[PDB]
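Shown below, as structure tokens, is a lone chain in the form deposited in one PDB entry; questions about how it binds or moves come after it.
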């Protein structure tokens, strides 16, 4: 069972960085995150149109799976607030469906392996291999073409700020001028808690963005460094944990935006 942990074929080191700009020879250069965002857009649109193209009673196959996921998410949101479950559903649904596939893309062979570049070779008596990467030529860093979209602080900040503006739009939609009444109302001790609530309301999008970005970053980097430790037979349970945590985090992000909507509107 534990007889074939051969580390002789493995990565030389670990490459850890923030989002990396793709080559992008023409103007407006895309990133490594803004090619996988496009590929996940295409994938989710293909799945939606495959479920859409044949709609009928007693669903079976992928259409049944999509309907089950949608109704499960509907029931999850209806528990929090049944008034807006049919109204704000598209945003939370696409947040969940997008971050789900963004996190599940990170496990794919090639994420951190393919590069655009804008045994004997391994070090002995060491647990980590030292086989140089392909583009060791010209001293290039082997820029990872595929990097998980949610592991970037730009797309994540984007969805966080759209969540912020959605919560504020649809809390201001039907509350009158009650937001100014909710914060610093100068009513006994409630002014202090209103000020702190305003600060918390300001820091919700930053908290969400940092949380999800760091979660995917930590997952992918853990995968990288523990493949660097032992290339095989070590990271199966941790790969399972990382795919599970990516899925559940994609869920919790949508639930957090919906719960913030509920607490803002009530």
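Numbering follows the first chain given and starts at 1. Each form is matched to the other, and the largest set of C-alpha atoms that superpose within 1.5 Å is called the rigid core.
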| property | result |
| --- | --- |
| Residues with no coordinates between residue 78 and residue 79, taken from the deposited sequence as a class | none |
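This protein has a second form, the form deposited in another entry, left out of what is shown; the following refers to that one.
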{"property": "Flagged residue of 165, 82, 196, 180 - C-alpha shift reaching 2 Å or more between the shown form and the other one, core superposed", "result": "180"}
{"property": "Cα displacement of residue 138 between the shown form and the other one reaching 2 Å, rigid core superposed", "result": "yes"}
{"property": "Cα displacement of residue 18 between the shown form and the other one reaching 2 Å, rigid core superposed", "result": "no"}
{"property": "Exceeds or equals 2 Å, Cα of residue 259 between the shown form and the other one, core fit", "result": "no"}
